[PDB]
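Student: Below is one structure. I have some questions about it.
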Ligand SMILES: [Ca+2]
Ligand SMILES: [Ca+2]
Ligand SMILES: [Ca+2]
Ligand SMILES: [Ca+2]
Ligand SMILES: [Ca+2]
Ligand SMILES: [Ca+2]
Ligand SMILES: [Ca+2]
Ligand SMILES: [Ca+2]
Ligand SMILES: [Ca+2]
Ligand SMILES: [Ca+2]
Ligand SMILES: [Ca+2]
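Residue numbers (PDB author numbering), protein chains in the order written: chain Z, 159 to 211; chain W, 66 to 368; chain D, 66 to 368; chain C, 54 to 263; chain U, 66 to 368; chain Y, 212 to 263; chain V, 107 to 158; chain A, 31 to 53; chain P, 31 to 53.
Here it is, written out as structure tokens:
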């Protein structure tokens with residue numbers, strides 16, 4: 159239960175807050191220029207999703 | 066040198082304690098957390114710390130968030146003692162232990178339902194403290210120790226004393242490092258842990274090997290299997306409870322032989338999962354009519 | 066943007082095979098090593114790879130050295146397949162699999178008595194590949210697959226064929242990477258191993274715990290302790306073998322209850338050594354006259 | 054005596070083109086044969102470099118690793134007079150997994166076609182062209198036969214959709230399914246990293262006894 | 066300020082009408098198509114139009130293509146009425162309605178065997194019009210109304226009049242828009258449609274649910290399930306037809322209770338297909354001997 | 212062609228008693244090619260020719 | 107397996123302008139046997155039916 | 031490195047248009 | 031006509047020689 163939150167806080171742009179406080183989390187973009195596909199999901203889930211919250 | 070950062074990490078939770086749990090002024094030290102790179106196993110800075118000789122925090126600010134409602138109050142002070150052998154754990158005056166805290170450079174004083182930060186003040190010279198686990202002298206491999214002193218009794222909404230110790234928040238390190246001289250830095254810090262304890266199947270016909278598929282584990286990760294049981298009568302009817310579990314892909318055996326002339330509980334299996342977190346192994350019983358249940362632990366490196 | 070290198074990392078030891086071990090043309094592939102950064106467990110590049118999402122080799126020249134005398138002879142061809150799915154294993158002709166090798170750009174053939182290298186051909190575009198274990202498609206996580214094909218029967222100095230599978234060299238990588246997106250990659254790329262097995266001591270006094278100090282282990286690393294005993298007649302005399310092992314530092318209780326009414330062989334001790342590679346635990350026996358030995362296994366993560 | 058044959062570290066990118074190739078013929082169909090909206094799809098042609106067996110470009114595609122269509126314009130040629138009339142719409146969808154064949158509306162499949170960029174709408178007794186729209190980023194695609202995912206190896210799929218009943222000179226419905234013309238591509242590629250591409254090897258064997 | 070285009074969108078198919086279908090001069094208006102952006106449901110411009118408040122066509126040239134042979138003949142005149150309320154339908158003379166057409170600036174006449182276009186005349190000022198459905202006044206939401214007037218009897222190659230209403234071409238739009246004020250426009254501009262009807266399976270065992278897997282639907286889209294059965298004698302044998310249909314994934318219960326004391330034909334199942342265009346649901350019958358078929362309708366939104 | 216003209220001898224002047232693979236052959240080539248044609252035997256195609 | 111055989115079936119004819127085959131050994135200086143290597147230009151002259 | 035060789039192993043196919051009158 | 035295009039769809043393979051002493 160501590161490793162699942164060390165895995166969380168070490169992600170870039172993560173944020174740690176008490177849940178009665180408004181905060182933000184930014185998505186960190188890739189270094190290259192990849193255009194993920196739009197539309198509903200298909201065979202591979204790495205073609206059409208940029209991140210999971 | 067490799068300059069990594071800035072990034073974030075997780076140190077610990079902090080448990081603020083009540084009036085009864087504070088008897089000596091040495092009890093006010095809530096956390097004694099060393100802020101070496103190699104002292105937070107499972108985090109990101111500790112995993113990176115074992116791949117270089119030396120570190121130096123350029124900017125290492127420890128951050129606190131509260132996990133507590135705004136109807137309890139307890140003032141903290143938080144400081145990073147740069148000397149790692151200065152020890153406040155043997156000071157007899159409860160006010161002197163907090164004057165020693167607030168006079169440290171970069172210390173911060175906050176009620177514990179308020180998020181604040183504490184910066185580590187760097188040296189004037191250029192010293193590279195060593196990475197890796199501790200050794201003979203504790204001043205070679207630690208740049209600071211994080212302390213949080215409880216300076217006031219924990220209180221309720223009405224001004225009366227809380228009678229139970231309370232986990233109250235968490236510490237997060239926002240850091241920036243140099244590293245130098247890549248090593249693999251032996252005596253690794255990956256602690257092992259029992260993942261789950263799942264028991265064998267009970268096959269029908271004796272002397273037959275069957276396939277027990279255990280699911281719900283991590284994909285493509287190597288495990289370790291050790292036999293176990295708990296409170297079983299292996300002489301409830303005729304026959305000797307003999308079991309042998311072998312993987313179809315991995316390496317090793319498990320032997321459960323409850324022969325009262327020669328009893329053997331030994332063996333282990335190293336097997337890894339597929340892409341689905343599942344694996345399978347060949348269970349055989351010499352007397353499958355005897356339905357004594359038998360378990361096996363699953364040992365896995367957690368981080 | 067986190068550029069690290071250039072460094073050196075040992076991939077594997079290559080084992081040349083005898084003439085009787087070569088049957089199909091698929092059997093000439095000595096090593097099929099994926100050149101993902103997360104594919105060399107224990108090395109420095111793989112330990113770093115689990116702390117970023119993406120990577121790209123800027124220069125991955127794989128440097129082979131011999132470990133063999135100059136008096137024996139065999140010939141290798143060695144290349145890096147940029148497509149991780151082009152599989153040469155289904156080629157039914159013995160010469161076609163080695164024309165498959167030299168046709169790939171950046172390939173190399175050599176006698177295995179000397180040190181030659183193979184560089185990795187860069188792409189035309191700027192594509193990053195993912196770290197971690199290979200989940201679904203190999204074309205996302207592998208940049209190349211290193212192959213070494215044996216084209217010649219392994220001869221010796223005496224004009225005879227070597228009849229044994231011989232380790233014939235080593236593979237090293239001279240690597241220079243980018244990375245991005247610092248994270249943890251939930252599957253741990255480490256492997257656990259039963260470090261050693263040593264028996265419990267035999268206490269002299271019934272129901273009094275004497276402390277067993279064990280040595281020889283690595284300093285300041287965490288271990289896991291599970292019991293294992295083999296071929297012990299506990300009913301050779303009167304009494305019930307009841308053991309209870311607790312660390313003075315860690316957490317857990319190893320319990321050995323060889324009462325054939327209720328059997329309980331269970332529990333595990335998590336404990337870490339001191340700075341001297343030693344630890345100690347409280348071993349107690351209810352019937353000290355029963356001198357049947359019982360062991361335990363020391364589990365540790367090696368990498 | 055030690056000897057070696059190390060190839061250099063260079064990556065030659067071979068820009069072939071422009072040459073022209075034949076894709077397929079196209080079979081227009083009657084109103085009797087159109088039951089589902091997915092019956093209005095006439096051709097479904099993948100436009101990988103390794104997807105036209107018989108052309109030299111598919112032969113040469115398995116001697117490099119990756120490709121990218123720089124210029125790809127497919128040029129419909131009819132073979133029919135000005136006396137029969139039916140309206141087509143021709144486009145090159147860039148996603149090889151978007152399939153219109155599971156649409157239950159006949160008007161939606163033809164709004165699927167005209168809204169793709171680069172589409173060209175025509176009476177089928179008239180020669181018209183359709184250009185491929187390249188990606189914004191610089192992506193290459195693997196050559197050879199298709200592996201697990203089409204999105205690594207197909208840059209586009211040429212479609213021809215029929216939007217109108219096949220009518221004659223007298224304004225009456227044609228009662229037969231009628232082949233109507235051809236499709237030629239006018240292409241321009243790169244090719245990187247020469248490799249023999251092991252599925253290209255002709256070899257007869259028995260895989261698996263089931 | 067959100068400028069999008071230029072693109073292409075199919076408006077409608079134009080249906081020329083026979084000579085017997087022309088009675089009044091108002092009957093020559095083949096299409097009366099409003100050129101609001103929110104008036105072509107299912108196309109790309111209308112899907113975008115429901116996500117901004119206002120718009121203005123910078124260039125809306127409407128491109129007609131034939132779908133007809135060159136051996137038949139008829140003549141069209143085609144224009145865009147900039148006023149959305151000037152209605153030519155109350156003109157009692159047959160020639161006055163087509164002099165109404167060519168007098169409008171930007172109009173065009175053509176034989177319907179060739180491809181001609183009509184551009185949209187810009188205003189003199191800078192006025193934005195609203196998207197969404199037309200609430201109260203058309204002069205706020207419509208920029209133009211496209212008309213096509215048939216001026217000639219539809220002849221064939223054989224010198225005869227066509228006696229059937231003939232689809233004679235298609236209308237495409239080459240559009241370039243501005244937008245402003247991103248929002249949602251509460252009325253959905255989509256239309257629902259009964260996709261297909263397929264019957265429930267006939268389970269063999271009374272009171273045991275066997276799972277019906279249906280195929281052929283679109284992948285990963287949500288559907289709605291309502292029962293419908295036609296001309297079934299449930300009283301042809303003994304028993305009561307009691308069905309209960311539940312998805313294993315979605316939500317809802319279709320209940321069919323053909324007990325003539327208490328009738329309950331009600332309920333609806335919301336479920337979405339997997340990646341393969343299939344879904345499954347638990348069909349159970351209280352009296353499995355009653356083999357009267359019962360169907361259900363698959364509702365789906367098409368655009 | 213490669214022809215063997217002498218018995219395979221060892222360091223001690225004695226006969227080798229096994230058949231021994233000994234080396235490789237590489238070509239260093241330079242061609243012309245005329246008249247591009249798809250060459251119909253190059254087409255990969257699985258079929259049944261003849262039932263005998 | 108080579109690319110030249112792959113590319114050869116996309117033209118009609120060929121001609122080797124330069125073709126030198128380069129034997130590489132994989133054996134030390136401790137075993138000895140004498141070869142003779144040549145390229146016969148007639149593809150139907152076969153030495154395999156010589157009794158000497 | 032990377033190099034871009036203009037490969038010259040192709041051949042053209044130019045398209046010509048015509049069309050017959052009724053008479 | 032006939033034309034001779036220098037086809038540029040190949041790649042080199044340069045050969046290097048060495049050799050180990052007895053000591
Ligand atoms: Ca798509
Ligand atoms: Ca060290
Ligand atoms: Ca990952
Ligand atoms: Ca390949
Ligand atoms: Ca991750
Ligand atoms: Ca698409
Ligand atoms: Ca390939
Ligand atoms: Ca509105
Ligand atoms: Ca008007
Ligand atoms: Ca609104
Ligand atoms: Ca000859």
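Heads up, the beta-carbon is just placed ideally off N, CA and C, and yes, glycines get one too.
(1) Cβ of residue 110 (chain D) within 8 Å of Cβ of residue 260 (chain D)?
(2) Give the straight-line distance between the Cα atoms of residue 171 (chain D) and residue 142 (chain D), rounded to the nearest whole angstrom.
(3) Please compile the residues from chain C whose C-beta is within a distance smaller than 8 Å of the C-beta of residue 249 (chain Y).
(4) For the putative contact between residue 208 (chain C) and residue 100 (chain C), defined by C-beta atoms under 8 Å, what is the C-beta separation to the nearest angstrom?
(5) For a minimum of 3 consecutive residues, which ranges assigned as the beta strand (DSSP E) are wholly contained in the segment 251-293 of chain W?
(6) For residue 156 (chain D), does the three-state DSSP call read helix, strand or coil?
(7) Output needed for residue 360 (chain D): all residues of its chain with C-beta closer than 6 Å, excluding positions within five of it in sequence on either side, in chain order.
(8) Let me know the secondary structure DSSP gives residue 107 (chain V) once reduced to three states.
(9) Quick check: is the beta carbon of residue 226 (chain D) nearer than 8 Å to any beta carbon in chain W?
(10) Find out if the Cβ-Cβ distance for the pair residue 116 (chain V), residue 223 (chain Y) is shorter than 8 Å.
(11) Excluding five sequence neighbours on each side, which residues of the same chain lie with their C-beta closer than 6 Å to the C-beta of residue 349 (chain W)?
(12) My output table needs one value for residue 165 (chain U): the three-state DSSP class, helix, strand or coil.
(13) Would you kindly check if the distance between the Cβ of residue 81 (chain W) and the Cβ of residue 241 (chain W) is under 8 Å?
(14) Considering only the alpha carbon of each residue, which of W:121, W:357, W:346 and W:137 lies closest to residue 280 (chain W)?
(15) By DSSP, does residue 113 (chain W) sit in helix, in strand, or in coil?
(16) List in chain order the residues whose CB is within less than 7 Å of at least one heavy atom of ligand 7.
(17) Just the Cα atoms here: how many angstroms apart are residue 39 (chain A) and residue 69 (chain C)?
(18) Based on the DSSP output, what are the partners of residue 130 (chain U) in its beta bridges?
(19) So which residues of chain U does residue 198 (chain Z) contact, with C-beta pairs closer than 7 Å?
(20) Is residue 184 (chain W) helix, strand or coil by DSSP?
(21) Give me the chain V residues within the contact set of residue 45 (chain P), using Cβ-Cβ distance strictly less than 7 Å, ordered along the chain.
(22) Check the Cβ-Cβ distances between residue 195 (chain Z) and every residue of chain C, and say whether any is below 8 Å.
(23) Is any beta-carbon of chain C found at less than 8 Å from that of residue 359 (chain U)?
(24) To the nearest angstrom, how far is the alpha carbon of residue 317 (chain D) from that of residue 202 (chain D)?
(25) Cβ of residue 121 (chain C) less than 8 Å from any chain P Cβ?
(26) Cβ of residue 325 (chain D) within 8 Å of Cβ of residue 298 (chain W)?
(27) Less than 8 Å between the CB atoms is what I'm expecting for residue 236 (chain W) and residue 127 (chain W), so what's the real figure, rounded?
(28) State the start and end residues of the unbroken beta strand (DSSP E) segment that holds residue 175 (chain D).
(29) Output the distance between the C-alpha atoms of residue 338 (chain D) and residue 278 (chain D), rounded to the nearest integer angstrom.
(30) Based on the DSSP output, what are the partners of residue 329 (chain D) in its beta bridges?
(31) Is the shortest distance between the beta-carbon of residue 70 (chain U) and the beta-carbons of chain C less than 8 Å?
(32) For residue 33 (chain P), does the three-state DSSP call read helix, strand or coil?
(33) Just how far apart, CA to CA, sit residue 129 (chain D) and residue 132 (chain V)?
(34) Taking the alpha carbon of residue 175 (chain C) as the point to measure from, which residue in C:103, C:214, C:64 and C:158 has its own alpha carbon closest?
(35) At a Cβ threshold of 8 Å, is residue 124 (chain V) touching chain C?
(36) Report the residue from W:296, W:118 and W:307 whose alpha carbon sits nearest the alpha carbon of residue 332 (chain D).
Tutor: According to the structure shown:
(1) Annotated as distal: residue 110 (chain D) and residue 260 (chain D), with beta-carbon spacing of 8 Å or more.
(2) Their Cα atoms are separated by approximately 11 Å.
(3) Per Cβ cutoff of 8 Å: 107, 108, 109 and 112.
(4) Right, the Cβ-Cβ distance comes to about 6 Å (below 8 Å), so this counts as a contact.
(5) Fully enclosed beta strand (DSSP E) runs of 3 or longer: 257-264 and 274-279.
(6) In this structure, residue 156 (chain D) counts as coil in the three-state DSSP scheme.
(7) Closer than 6 Å at the Cβ level, and outside the excluded window around residue 360 (chain D), lie 262, 264, 293 and 294.
(8) Annotated three-state conformation of residue 107 (chain V) is coil, per DSSP.
(9) Not an interface residue.
(10) In this structure, residue 223 (chain Y) does not lie closer than 8 Å to residue 116 (chain V) by Cβ.
(11) Shown here for residue 349 (chain W): same chain residues with a beta carbon closer than 6 Å to its own, the five before and five after excluded, namely 274 and 309 in chain order.
(12) Residue 165 (chain U): helix per DSSP, three-state reduction.
(13) If you check the CB distance, residue 241 (chain W) and residue 81 (chain W) do not come in under 8 Å.
(14) Closest by alpha carbon: W:346.
(15) Looking at residue 113 (chain W) - three-state DSSP - the assignment turns out to be helix.
(16) My final list is D:148, D:150, D:151, C:118, C:195, C:196, C:197, C:248 and C:250.
(17) Roughly 7 Å separates the two Cα atoms.
(18) Answer is U:235, bridged to residue 130 (chain U).
(19) Simply 285.
(20) Of the three classes helix, strand and coil, the one that applies to residue 184 (chain W) here is strand, per DSSP.
(21) Near residue 45 (chain P) (Cβ distances below 7 Å), the residues of chain V are 128.
(22) Yes, residue 195 (chain Z) lies at the interface with chain C (some Cβ there is under 8 Å from its Cβ).
(23) Against chain C, the CB of residue 359 (chain U) has no partner CB under 8 Å away; the residue lies outside that interface.
(24) Pairing residue 317 (chain D) with residue 202 (chain D), the inter-Cα distance amounts to about 42 Å.
(25) No, no contact with chain P.
(26) Closer than 8 Å, so yes.
(27) About 6 Å; that satisfies the 8 Å criterion.
(28) Segment 173-176, the beta strand (DSSP E) holding residue 175 (chain D).
(29) The alpha-carbon atoms of residue 338 (chain D) and residue 278 (chain D) are separated by roughly 11 Å.
(30) In the DSSP output, where bridge partners are listed per residue, residue 329 (chain D) has W:295 and D:322.
(31) Chain C, which has no Cβ nearer than 8 Å to the Cβ of residue 70 (chain U), makes this no.
(32) Residue state for residue 33 (chain P) is assigned as coil, using DSSP reduced to three classes.
(33) Note on geometry: alpha-carbon atoms of residue 129 (chain D) and residue 132 (chain V) lie some 17 Å from one another.
(34) Relative to residue 175 (chain C), the option among C:103, C:214, C:64 and C:158 whose CA is nearest is C:214.
(35) The Cβ of residue 124 (chain V) sits no closer than 8 Å to any Cβ of chain C.
(36) It is W:296.
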